[PDB]
Every structure is written in C-alpha cells, then in structure tokens.
Amino acid sequence: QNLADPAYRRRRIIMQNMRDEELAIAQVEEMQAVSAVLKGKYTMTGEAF
Amino acid sequence: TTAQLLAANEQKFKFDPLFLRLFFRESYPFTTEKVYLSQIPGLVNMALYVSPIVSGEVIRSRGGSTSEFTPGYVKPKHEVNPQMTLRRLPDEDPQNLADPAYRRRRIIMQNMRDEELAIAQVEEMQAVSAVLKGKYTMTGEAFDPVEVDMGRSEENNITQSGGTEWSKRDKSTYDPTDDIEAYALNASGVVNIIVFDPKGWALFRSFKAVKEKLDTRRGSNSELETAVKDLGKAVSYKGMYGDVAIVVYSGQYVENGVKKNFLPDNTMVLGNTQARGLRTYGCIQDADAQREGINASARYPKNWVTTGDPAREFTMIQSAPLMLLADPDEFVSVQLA
Amino acid sequence: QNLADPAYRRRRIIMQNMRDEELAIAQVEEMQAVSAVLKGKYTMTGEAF
C-alpha cells in the first residue's frame, strides 16, 4: 500500500548507486593504505591498467 | 524569368474524432504497470417454492470477476538536416525569400502538426474499434502483440444473414422500425443515439414506412432531414427520430498512402450517449523524461542533436494510449446488410 | 490500494444477501400476479412443495 511514482524510484536507485561507488572507492583506498604500511611497497594492477 | 506565388492551398482529409468525444470521457492517467476492470453478475434466482418442513438449499452469494490490461506504446518521429533548408520551399515567393534559418523553423513546425495528427488518428482508431466489436488487437512490426479483450456477450454483435436483411426485403411495405426495437432489446440500459455509416443511412431512409412516420399529424413526434444536409463535414447531426437521435459519421484514417473510412461499410451502432467510457493513458518510458520528473502524461515532446556527418536534429512525440470501455455490452452493433 | 478490514466485508456481504432474497420474493410475487391476470388458473407447484 501507498506506492510511489517511477520518478521517485529512479531517484532512489540513483542514490544507492552513488553510495555504492563511494564505498568502492573508499575500499580501494584502504587496501592501498594497508599494503603501504604493512609492506614497504605495493603495486596497482588491473585488467585494463 | 520572374514569378510570384500568389496563393498556396493545403489538402486535408475529412477527420473528426466523433466516437472519442461522444462516448469516451473522464480521462484517467495511471502510474502503474497494469490496470484492472471488474464486474459483478447481479443475477438473482427466482425464489422457488419450499415446503415449510424441508428448509434446504442455501443459495450461494454472488461474486464478481476481474480483468487486467496492458497499455500500448507509440512514438513517431521526424528529422531536419541542412540539405532540406537551402533549396527553397513551395510556400515562399521567388520574391521576398528568407535566410536558410526561417526555413528551418517552418519545417520544424509542420512536423509537430503531423506528429499530433498521427497520434490523434491512433487514439481514434482504438476508440472506434473498441465499440464496433468487443475486442481490438494492437500490433506492429517492432511491437510484441498485445490483445485487449473486454467481455461482450455473444448475443450482441448482431449480424444479418440469409434471413432478416434489409436489402433483399421489399423497400415498400416494410417497417424498419420493428427490427430496430428487437435489436435494441438486447442492450443493457437505455439507448439514446444511433450512428449510421452513410451507405447504411441511405439504405434506411429509403423505406416508405419511415417516410410515413414523418408526415403524420399525431402518430409521431419524429423530425428528420431527409434531404441533403451535410456533404463535406465528417459528422451530420440529423433530427431526433422518435426518442433516439440519428447520426451519420464518415471519418477517414489513412494507413499507407490510401485513404480509408472508419466505419466498415454500412454498419449501424445502437448505443447510449452517456455510456461510461474510459480514456486511459499509460506511463511513458524514457530516461530523459523520468529524469525531468514526468510520468503518466500524454504527448511528451522532445528533440536532440546527433552531431552526425550531415548534422541533423530530430523530434519525437510519444503517448502510450489505451482506450477502454467499462461496460462493453451497453452498445448493440448491427451489420445491416 | 486502501483495502478494508474483513468485518466491513462481512457487513456488505450480508446486506447484499438480504437484498438478493428480497428481490427473489418480489419476482415470485410478480410472476404470481402476471399468471393470475393472463390466465384464469395457474399451478403453484415446485420441487418440495
């Protein structure tokens, strides 16, 4: 009961999307930091990098 | 050689949304995947005699039925490119003339007019087809077929056959009015209007008995206009015949290059002028529109520039219409062959 | 949307039940009267009576 119009579903989808990218970036930053501290060196490698 | 373009007319086909104005009002736009329609039988059995000893046969409480539909979609488009704008237009004098930019604004408009006319034609075709027969099918080349079906009883859709046809029977000494009553007995609710395809009207008024019903001092109150009344208009409201009004509708929808008539060659449609019709418009599906914040609107317009080799900016109207009938059995369609 | 509680459903069901049997009795009465007017005599038989 008490549904919402699609113009609001689109906005909620957008907000959770952008939260997901922010969390992914923070996760990569922490994985970079820990390897920077735990060991003297680290490598940034990707399939298209 | 010099010249002037003194006059320049435009040719149009006789088009007027009659059935959509008369029988379909109260437009309801919906932001939902599918709509519902429901109905309750309302048939009560006769109270059969029961002895004051037996006391049995509890009677089942009546329950209804439902139906769900899915709206169709439609989106025509037009284009403009700088190849069109430079040569000339058939509507401007060799004198005067304008920069290749006025020409782009004029061309851009007439496209809007054509898009609106196409969408209106589709709406009217759905509206008319919903009345003649209970169901109508929406189809295309890129559209998966969807078949809307409102339950109309088999006792409607009366089609004349080897017996009881007006053409074969004598045109003198016959009362058309007797059949009309028998056909209209099958409807549910009062009937207040009759729609004739012009061939059907010519067939109907040819009877001498109907002529006699006009010139009777006290035998009727019917007043028609048998002589020619309208010869170019799409609709011709003729006088009330008895109680019901009489209407002749000759509209034209063009599919492919050839013109075609809406009503299928002399059908007659009994019906009620206050019949409950629904005008449902679905939800448009365009990420730009939903970003803008719009939904469940008719005729969402847009344009965009595609930065191609010849440039080009298009234009698009999209509506997604669906025409329904709350009570499909309030009309009685007659072939009248 | 905005569905109601079953007690209201029971109330409207019982009301339409009563309307149904009232109209059934009315139908029997009218058939009785019509048969009386049209023909002099009628049989008033049935399946239990």
# chains A, B, ... in the order shown; residues from 1 in each chain; ligands from 1

$ interface_residues --of "chain A" --to "chain B" --cutoff "8 Å" --atoms "only C-alpha atoms" --output "PDB file with N, CA and C atoms, in the first residue's frame"
ATOM      1  N   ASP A   5       5.493   6.941  -7.428  1.00  0.00           N
ATOM      2  CA  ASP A   5       5.614   7.087  -8.867  1.00  0.00           C
ATOM      3  C   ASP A   5       7.032   6.770  -9.344  1.00  0.00           C
ATOM      4  N   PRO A   6       7.189   6.387 -10.617  1.00  0.00           N
ATOM      5  CA  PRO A   6       8.522   5.993 -11.105  1.00  0.00           C
ATOM      6  C   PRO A   6       9.574   7.083 -11.002  1.00  0.00           C
ATOM      7  N   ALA A   7       9.179   8.355 -11.083  1.00  0.00           N
ATOM      8  CA  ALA A   7      10.148   9.438 -10.978  1.00  0.00           C
ATOM      9  C   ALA A   7      10.822   9.475  -9.615  1.00  0.00           C
ATOM     10  N   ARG A  10      13.383   6.094  -9.660  1.00  0.00           N
ATOM     11  CA  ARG A  10      14.625   6.425 -10.349  1.00  0.00           C
ATOM     12  C   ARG A  10      15.585   7.151  -9.417  1.00  0.00           C
TER      13      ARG A  10
END

$ interface_residues --of "chain C" --to "chain A" --cutoff "9 Å" --atoms "only C-alpha atoms" --output "number ranges by chain"
C: 1-3

$ residues_around --residues "residue 42 (chain C)" --least-positions-apart "4" --cutoff "9 Å" --atoms "only C-alpha atoms" --output "number ranges by chain"
C: 32, 35-36

$ write_last_selection --atoms "C-alpha atoms" --output "PDB file, in the first residue's frame"
ATOM      1  CA  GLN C  32     -47.905 -14.943  -9.449  1.00  0.00           C
ATOM      2  CA  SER C  35     -50.130 -15.547 -14.314  1.00  0.00           C
ATOM      3  CA  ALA C  36     -53.303 -14.666 -12.409  1.00  0.00           C
TER       4      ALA C  36
END

$ select_by_dssp --residues "chain C" --states "alpha helix (DSSP H)" --output "PDB file with N, CA and C atoms, in the first residue's frame"
ATOM      1  N   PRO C   6     -11.819  -7.166   7.341  1.00  0.00           N
ATOM      2  CA  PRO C   6     -12.833  -8.162   6.949  1.00  0.00           C
ATOM      3  C   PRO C   6     -14.215  -7.942   7.545  1.00  0.00           C
ATOM      4  N   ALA C   7     -14.335  -7.236   8.670  1.00  0.00           N
ATOM      5  CA  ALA C   7     -15.659  -7.014   9.246  1.00  0.00           C
ATOM      6  C   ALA C   7     -16.542  -6.209   8.300  1.00  0.00           C
ATOM      7  N   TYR C   8     -15.971  -5.196   7.648  1.00  0.00           N
ATOM      8  CA  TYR C   8     -16.728  -4.431   6.664  1.00  0.00           C
ATOM      9  C   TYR C   8     -17.158  -5.317   5.502  1.00  0.00           C
ATOM     10  N   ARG C   9     -16.282  -6.238   5.091  1.00  0.00           N
ATOM     11  CA  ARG C   9     -16.639  -7.180   4.040  1.00  0.00           C
ATOM     12  C   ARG C   9     -17.821  -8.040   4.458  1.00  0.00           C
ATOM     13  N   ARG C  10     -17.815  -8.528   5.699  1.00  0.00           N
ATOM     14  CA  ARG C  10     -18.942  -9.319   6.180  1.00  0.00           C
ATOM     15  C   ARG C  10     -20.228  -8.506   6.170  1.00  0.00           C
ATOM     16  N   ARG C  11     -20.153  -7.250   6.612  1.00  0.00           N
ATOM     17  CA  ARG C  11     -21.353  -6.418   6.653  1.00  0.00           C
ATOM     18  C   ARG C  11     -21.935  -6.215   5.258  1.00  0.00           C
ATOM     19  N   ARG C  12     -21.094  -5.858   4.285  1.00  0.00           N
ATOM     20  CA  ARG C  12     -21.638  -5.634   2.948  1.00  0.00           C
ATOM     21  C   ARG C  12     -22.113  -6.932   2.308  1.00  0.00           C
ATOM     22  N   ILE C  13     -21.444  -8.051   2.594  1.00  0.00           N
ATOM     23  CA  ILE C  13     -21.888  -9.333   2.063  1.00  0.00           C
ATOM     24  C   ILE C  13     -23.280  -9.668   2.578  1.00  0.00           C
ATOM     25  N   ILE C  14     -23.512  -9.484   3.879  1.00  0.00           N
ATOM     26  CA  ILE C  14     -24.811  -9.853   4.432  1.00  0.00           C
ATOM     27  C   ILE C  14     -25.897  -8.908   3.918  1.00  0.00           C
ATOM     28  N   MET C  15     -25.562  -7.624   3.732  1.00  0.00           N
ATOM     29  CA  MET C  15     -26.542  -6.698   3.168  1.00  0.00           C
ATOM     30  C   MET C  15     -26.943  -7.103   1.753  1.00  0.00           C
ATOM     31  N   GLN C  16     -25.967  -7.443   0.906  1.00  0.00           N
ATOM     32  CA  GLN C  16     -26.334  -7.842  -0.450  1.00  0.00           C
ATOM     33  C   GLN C  16     -27.071  -9.176  -0.455  1.00  0.00           C
ATOM     34  N   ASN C  17     -26.778 -10.058   0.506  1.00  0.00           N
ATOM     35  CA  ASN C  17     -27.568 -11.279   0.643  1.00  0.00           C
ATOM     36  C   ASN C  17     -29.039 -10.949   0.868  1.00  0.00           C
ATOM     37  N   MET C  18     -29.312 -10.081   1.846  1.00  0.00           N
ATOM     38  CA  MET C  18     -30.694  -9.731   2.150  1.00  0.00           C
ATOM     39  C   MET C  18     -31.380  -9.109   0.942  1.00  0.00           C
ATOM     40  N   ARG C  19     -30.677  -8.220   0.232  1.00  0.00           N
ATOM     41  CA  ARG C  19     -31.248  -7.651  -0.986  1.00  0.00           C
ATOM     42  C   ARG C  19     -31.588  -8.742  -1.995  1.00  0.00           C
ATOM     43  N   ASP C  20     -30.717  -9.748  -2.119  1.00  0.00           N
ATOM     44  CA  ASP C  20     -30.959 -10.828  -3.069  1.00  0.00           C
ATOM     45  C   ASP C  20     -32.251 -11.569  -2.754  1.00  0.00           C
ATOM     46  N   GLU C  21     -32.429 -12.002  -1.498  1.00  0.00           N
ATOM     47  CA  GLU C  21     -33.643 -12.785  -1.250  1.00  0.00           C
ATOM     48  C   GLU C  21     -34.890 -11.912  -1.312  1.00  0.00           C
ATOM     49  N   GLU C  22     -34.779 -10.629  -0.954  1.00  0.00           N
ATOM     50  CA  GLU C  22     -35.924  -9.742  -1.113  1.00  0.00           C
ATOM     51  C   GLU C  22     -36.353  -9.652  -2.573  1.00  0.00           C
ATOM     52  N   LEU C  23     -35.390  -9.478  -3.483  1.00  0.00           N
ATOM     53  CA  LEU C  23     -35.753  -9.369  -4.892  1.00  0.00           C
ATOM     54  C   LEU C  23     -36.275 -10.698  -5.429  1.00  0.00           C
ATOM     55  N   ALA C  24     -35.775 -11.820  -4.903  1.00  0.00           N
ATOM     56  CA  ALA C  24     -36.310 -13.115  -5.319  1.00  0.00           C
ATOM     57  C   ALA C  24     -37.781 -13.259  -4.938  1.00  0.00           C
ATOM     58  N   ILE C  25     -38.126 -12.882  -3.706  1.00  0.00           N
ATOM     59  CA  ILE C  25     -39.528 -12.935  -3.294  1.00  0.00           C
ATOM     60  C   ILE C  25     -40.372 -12.015  -4.166  1.00  0.00           C
ATOM     61  N   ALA C  26     -39.846 -10.828  -4.485  1.00  0.00           N
ATOM     62  CA  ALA C  26     -40.588  -9.912  -5.348  1.00  0.00           C
ATOM     63  C   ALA C  26     -40.837 -10.524  -6.721  1.00  0.00           C
ATOM     64  N   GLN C  27     -39.840 -11.226  -7.265  1.00  0.00           N
ATOM     65  CA  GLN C  27     -40.014 -11.885  -8.555  1.00  0.00           C
ATOM     66  C   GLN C  27     -41.117 -12.926  -8.497  1.00  0.00           C
ATOM     67  N   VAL C  28     -41.132 -13.737  -7.437  1.00  0.00           N
ATOM     68  CA  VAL C  28     -42.190 -14.738  -7.306  1.00  0.00           C
ATOM     69  C   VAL C  28     -43.552 -14.068  -7.244  1.00  0.00           C
ATOM     70  N   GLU C  29     -43.659 -12.986  -6.474  1.00  0.00           N
ATOM     71  CA  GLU C  29     -44.942 -12.305  -6.347  1.00  0.00           C
ATOM     72  C   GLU C  29     -45.414 -11.764  -7.691  1.00  0.00           C
ATOM     73  N   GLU C  30     -44.507 -11.149  -8.450  1.00  0.00           N
ATOM     74  CA  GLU C  30     -44.896 -10.595  -9.742  1.00  0.00           C
ATOM     75  C   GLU C  30     -45.294 -11.686 -10.726  1.00  0.00           C
ATOM     76  N   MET C  31     -44.569 -12.807 -10.740  1.00  0.00           N
ATOM     77  CA  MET C  31     -44.961 -13.903 -11.623  1.00  0.00           C
ATOM     78  C   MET C  31     -46.335 -14.430 -11.237  1.00  0.00           C
ATOM     79  N   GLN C  32     -46.593 -14.533  -9.931  1.00  0.00           N
ATOM     80  CA  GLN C  32     -47.905 -14.943  -9.449  1.00  0.00           C
ATOM     81  C   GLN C  32     -48.988 -14.037 -10.017  1.00  0.00           C
ATOM     82  N   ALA C  33     -48.794 -12.723  -9.876  1.00  0.00           N
ATOM     83  CA  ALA C  33     -49.796 -11.762 -10.329  1.00  0.00           C
ATOM     84  C   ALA C  33     -49.993 -11.821 -11.839  1.00  0.00           C
ATOM     85  N   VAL C  34     -48.898 -11.906 -12.599  1.00  0.00           N
ATOM     86  CA  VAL C  34     -48.999 -11.933 -14.056  1.00  0.00           C
ATOM     87  C   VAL C  34     -49.744 -13.174 -14.516  1.00  0.00           C
ATOM     88  N   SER C  35     -49.418 -14.333 -13.939  1.00  0.00           N
ATOM     89  CA  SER C  35     -50.130 -15.547 -14.314  1.00  0.00           C
ATOM     90  C   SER C  35     -51.596 -15.474 -13.922  1.00  0.00           C
ATOM     91  N   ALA C  36     -51.906 -14.821 -12.799  1.00  0.00           N
ATOM     92  CA  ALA C  36     -53.303 -14.666 -12.409  1.00  0.00           C
ATOM     93  C   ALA C  36     -54.068 -13.810 -13.411  1.00  0.00           C
ATOM     94  N   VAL C  37     -53.471 -12.704 -13.856  1.00  0.00           N
ATOM     95  CA  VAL C  37     -54.160 -11.825 -14.799  1.00  0.00           C
ATOM     96  C   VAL C  37     -54.303 -12.496 -16.159  1.00  0.00           C
ATOM     97  N   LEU C  38     -53.213 -13.068 -16.671  1.00  0.00           N
ATOM     98  CA  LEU C  38     -53.206 -13.537 -18.052  1.00  0.00           C
ATOM     99  C   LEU C  38     -54.124 -14.738 -18.244  1.00  0.00           C
TER     100      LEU C  38
END

$ residues_around --residues "residue 21 (chain B)" --least-positions-apart "6" --cutoff "12 Å" --atoms "only C-alpha atoms" --output "number ranges by chain"
B: 27, 123-124, 127-128, 235, 273-279

$ write_last_selection --atoms "C-alpha atoms" --output "short mmCIF file (atom, residue, chain, number, x, y, z; two decimals), in the first residue's frame"
data_model
loop_
_atom_site.label_atom_id
_atom_site.label_comp_id
_atom_site.auth_asym_id
_atom_site.auth_seq_id
_atom_site.Cartn_x
_atom_site.Cartn_y
_atom_site.Cartn_z
CA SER B 27 -9.51 10.52 -18.86
CA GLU B 123 -6.34 7.23 -30.48
CA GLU B 124 -9.48 7.49 -32.60
CA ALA B 127 -11.74 4.26 -29.74
CA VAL B 128 -13.82 3.21 -32.75
CA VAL B 235 -20.48 14.31 -38.88
CA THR B 273 -24.90 8.93 -25.44
CA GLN B 274 -23.91 8.87 -21.74
CA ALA B 275 -22.15 5.49 -21.88
CA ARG B 276 -19.29 5.26 -19.41
CA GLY B 277 -16.07 5.29 -21.41
CA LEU B 278 -12.55 5.40 -20.04
CA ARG B 279 -9.61 7.25 -21.62
#

$ atom_distance --atom1 "CA of residue 7 (chain B)" --atom2 "CA of residue 251 (chain B)"
28.0 Å

$ residues_around --residues "residue 12 (chain B)" --least-positions-apart "2" --cutoff "12 Å" --atoms "only C-alpha atoms" --output "VMD selection string"
chain B and resid 9 to 10 14 to 16 114 117 232 252 to 254 259

$ write_last_selection --atoms "N, CA, C and O atoms" --output "PDB file, in the first residue's frame"
ATOM      1  N   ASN B   9      -2.705  26.563 -51.403  1.00  0.00           N
ATOM      2  CA  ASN B   9      -3.631  25.894 -50.507  1.00  0.00           C
ATOM      3  C   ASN B   9      -3.007  24.625 -49.933  1.00  0.00           C
ATOM      4  O   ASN B   9      -1.905  24.217 -50.301  1.00  0.00           O
ATOM      5  N   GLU B  10      -3.740  23.997 -49.018  1.00  0.00           N
ATOM      6  CA  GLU B  10      -3.336  22.746 -48.393  1.00  0.00           C
ATOM      7  C   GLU B  10      -4.502  21.770 -48.438  1.00  0.00           C
ATOM      8  O   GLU B  10      -5.657  22.167 -48.263  1.00  0.00           O
ATOM      9  N   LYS B  14     -11.110  14.448 -44.513  1.00  0.00           N
ATOM     10  CA  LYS B  14     -12.161  14.702 -43.533  1.00  0.00           C
ATOM     11  C   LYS B  14     -11.936  13.830 -42.304  1.00  0.00           C
ATOM     12  O   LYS B  14     -12.145  12.616 -42.347  1.00  0.00           O
ATOM     13  N   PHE B  15     -11.512  14.453 -41.208  1.00  0.00           N
ATOM     14  CA  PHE B  15     -11.133  13.743 -39.995  1.00  0.00           C
ATOM     15  C   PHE B  15     -11.706  14.476 -38.794  1.00  0.00           C
ATOM     16  O   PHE B  15     -11.500  15.683 -38.647  1.00  0.00           O
ATOM     17  N   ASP B  16     -12.422  13.748 -37.943  1.00  0.00           N
ATOM     18  CA  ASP B  16     -13.029  14.330 -36.754  1.00  0.00           C
ATOM     19  C   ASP B  16     -13.267  13.238 -35.719  1.00  0.00           C
ATOM     20  O   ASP B  16     -13.984  12.268 -35.997  1.00  0.00           O
ATOM     21  N   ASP B 114       2.150  17.137 -37.946  1.00  0.00           N
ATOM     22  CA  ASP B 114       1.972  15.769 -38.425  1.00  0.00           C
ATOM     23  C   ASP B 114       2.045  14.757 -37.289  1.00  0.00           C
ATOM     24  O   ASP B 114       1.283  13.781 -37.273  1.00  0.00           O
ATOM     25  N   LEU B 117      -1.215  14.806 -35.482  1.00  0.00           N
ATOM     26  CA  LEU B 117      -2.288  14.203 -36.264  1.00  0.00           C
ATOM     27  C   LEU B 117      -2.189  12.684 -36.260  1.00  0.00           C
ATOM     28  O   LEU B 117      -3.207  11.989 -36.162  1.00  0.00           O
ATOM     29  N   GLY B 232     -19.824  17.767 -46.931  1.00  0.00           N
ATOM     30  CA  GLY B 232     -18.385  17.808 -46.775  1.00  0.00           C
ATOM     31  C   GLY B 232     -17.936  17.494 -45.364  1.00  0.00           C
ATOM     32  O   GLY B 232     -16.809  17.037 -45.148  1.00  0.00           O
ATOM     33  N   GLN B 252     -12.172   9.591 -41.818  1.00  0.00           N
ATOM     34  CA  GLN B 252     -11.157   8.980 -42.662  1.00  0.00           C
ATOM     35  C   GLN B 252      -9.837   8.901 -41.918  1.00  0.00           C
ATOM     36  O   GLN B 252      -9.307   9.923 -41.476  1.00  0.00           O
ATOM     37  N   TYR B 253      -9.315   7.689 -41.785  1.00  0.00           N
ATOM     38  CA  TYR B 253      -7.971   7.440 -41.292  1.00  0.00           C
ATOM     39  C   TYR B 253      -7.156   6.857 -42.433  1.00  0.00           C
ATOM     40  O   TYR B 253      -7.643   5.996 -43.173  1.00  0.00           O
ATOM     41  N   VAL B 254      -5.927   7.331 -42.598  1.00  0.00           N
ATOM     42  CA  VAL B 254      -5.088   6.919 -43.713  1.00  0.00           C
ATOM     43  C   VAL B 254      -3.992   6.005 -43.187  1.00  0.00           C
ATOM     44  O   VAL B 254      -3.136   6.424 -42.400  1.00  0.00           O
ATOM     45  N   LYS B 259      -6.470   6.526 -48.520  1.00  0.00           N
ATOM     46  CA  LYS B 259      -7.453   6.891 -47.512  1.00  0.00           C
ATOM     47  C   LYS B 259      -8.373   5.716 -47.230  1.00  0.00           C
ATOM     48  O   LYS B 259      -8.639   4.897 -48.112  1.00  0.00           O
TER      49      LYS B 259
END

$ atom_distance --atom1 "CA of residue 113 (chain B)" --atom2 "CA of residue 76 (chain B)"
11.8 Å

$ select_by_dssp --residues "region 16-130 of chain B" --states "strand (DSSP E or B)" --output "VMD selection string"
chain B and resid 27 to 29 35 to 39 65 to 69 77 to 80

$ write_last_selection --atoms "C-alpha atoms" --output "PDB file, in the first residue's frame"
ATOM      1  CA  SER B  27      -9.510  10.518 -18.858  1.00  0.00           C
ATOM      2  CA  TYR B  28      -7.582   8.639 -16.140  1.00  0.00           C
ATOM      3  CA  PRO B  29      -3.759   8.575 -16.329  1.00  0.00           C
ATOM      4  CA  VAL B  35      -4.981  -1.564 -14.835  1.00  0.00           C
ATOM      5  CA  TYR B  36      -7.941  -3.548 -13.515  1.00  0.00           C
ATOM      6  CA  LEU B  37     -11.566  -3.789 -14.562  1.00  0.00           C
ATOM      7  CA  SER B  38     -14.118  -5.769 -12.572  1.00  0.00           C
ATOM      8  CA  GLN B  39     -17.798  -6.642 -12.812  1.00  0.00           C
ATOM      9  CA  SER B  65     -14.941 -11.209 -11.916  1.00  0.00           C
ATOM     10  CA  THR B  66     -11.933  -9.113 -12.909  1.00  0.00           C
ATOM     11  CA  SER B  67      -9.882  -8.237 -15.982  1.00  0.00           C
ATOM     12  CA  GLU B  68      -6.429  -6.683 -16.377  1.00  0.00           C
ATOM     13  CA  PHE B  69      -4.911  -4.885 -19.356  1.00  0.00           C
ATOM     14  CA  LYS B  77       9.483  10.983 -35.269  1.00  0.00           C
ATOM     15  CA  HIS B  78      10.702  13.433 -37.910  1.00  0.00           C
ATOM     16  CA  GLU B  79      14.091  14.859 -38.889  1.00  0.00           C
ATOM     17  CA  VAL B  80      15.626  18.038 -40.287  1.00  0.00           C
TER      18      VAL B  80
END

$ residues_around --residues "region 136-146 of chain B" --least-positions-apart "2" --cutoff "8 Å" --atoms "only C-alpha atoms" --output "ChimeraX atom specification"
/B:70,72,126,129-130,133-134,148-149

$ atom_distance --atom1 "CA of residue 122 (chain B)" --atom2 "CA of residue 24 (chain B)"
14.6 Å

$ residues_around --residues "residue 1 (chain B)" --least-positions-apart "3" --cutoff "12 Å" --atoms "only C-alpha atoms" --output "ChimeraX atom specification"
/B:4,94-95

$ decode --residues "region 10-27 of chain C" --atoms "N, CA, C and O atoms" --output "compact mmCIF listing (two decimals), in the first residue's frame"
# COMPACT_ATOMS: atom_id res chain seq x y z
N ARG C 10 -17.81 -8.53 5.70
CA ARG C 10 -18.94 -9.32 6.18
C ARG C 10 -20.23 -8.51 6.17
O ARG C 10 -21.29 -9.00 5.76
N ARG C 11 -20.15 -7.25 6.61
CA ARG C 11 -21.35 -6.42 6.65
C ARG C 11 -21.94 -6.22 5.26
O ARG C 11 -23.14 -6.40 5.05
N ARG C 12 -21.09 -5.86 4.28
CA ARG C 12 -21.64 -5.63 2.95
C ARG C 12 -22.11 -6.93 2.31
O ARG C 12 -23.11 -6.93 1.57
N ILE C 13 -21.44 -8.05 2.59
CA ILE C 13 -21.89 -9.33 2.06
C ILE C 13 -23.28 -9.67 2.58
O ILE C 13 -24.16 -10.08 1.81
N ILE C 14 -23.51 -9.48 3.88
CA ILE C 14 -24.81 -9.85 4.43
C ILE C 14 -25.90 -8.91 3.92
O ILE C 14 -27.04 -9.33 3.66
N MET C 15 -25.56 -7.62 3.73
CA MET C 15 -26.54 -6.70 3.17
C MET C 15 -26.94 -7.10 1.75
O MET C 15 -28.14 -7.12 1.42
N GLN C 16 -25.97 -7.44 0.91
CA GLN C 16 -26.33 -7.84 -0.45
C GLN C 16 -27.07 -9.18 -0.46
O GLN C 16 -27.93 -9.40 -1.31
N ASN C 17 -26.78 -10.06 0.51
CA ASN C 17 -27.57 -11.28 0.64
C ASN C 17 -29.04 -10.95 0.87
O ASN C 17 -29.92 -11.47 0.17
N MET C 18 -29.31 -10.08 1.85
CA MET C 18 -30.69 -9.73 2.15
C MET C 18 -31.38 -9.11 0.94
O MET C 18 -32.54 -9.44 0.63
N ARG C 19 -30.68 -8.22 0.23
CA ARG C 19 -31.25 -7.65 -0.99
C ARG C 19 -31.59 -8.74 -1.99
O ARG C 19 -32.64 -8.69 -2.66
N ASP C 20 -30.72 -9.75 -2.12
CA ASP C 20 -30.96 -10.83 -3.07
C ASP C 20 -32.25 -11.57 -2.75
O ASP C 20 -33.10 -11.77 -3.64
N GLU C 21 -32.43 -12.00 -1.50
CA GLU C 21 -33.64 -12.78 -1.25
C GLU C 21 -34.89 -11.91 -1.31
O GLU C 21 -35.96 -12.39 -1.71
N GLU C 22 -34.78 -10.63 -0.95
CA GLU C 22 -35.92 -9.74 -1.11
C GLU C 22 -36.35 -9.65 -2.57
O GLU C 22 -37.55 -9.76 -2.89
N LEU C 23 -35.39 -9.48 -3.48
CA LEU C 23 -35.75 -9.37 -4.89
C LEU C 23 -36.27 -10.70 -5.43
O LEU C 23 -37.14 -10.72 -6.31
N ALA C 24 -35.77 -11.82 -4.90
CA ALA C 24 -36.31 -13.11 -5.32
C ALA C 24 -37.78 -13.26 -4.94
O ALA C 24 -38.61 -13.71 -5.75
N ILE C 25 -38.13 -12.88 -3.71
CA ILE C 25 -39.53 -12.94 -3.29
C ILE C 25 -40.37 -12.01 -4.17
O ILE C 25 -41.50 -12.36 -4.56
N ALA C 26 -39.85 -10.83 -4.49
CA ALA C 26 -40.59 -9.91 -5.35
C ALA C 26 -40.84 -10.52 -6.72
O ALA C 26 -41.92 -10.36 -7.30
N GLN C 27 -39.84 -11.23 -7.26
CA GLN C 27 -40.01 -11.89 -8.56
C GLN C 27 -41.12 -12.93 -8.50
O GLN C 27 -41.95 -13.01 -9.41
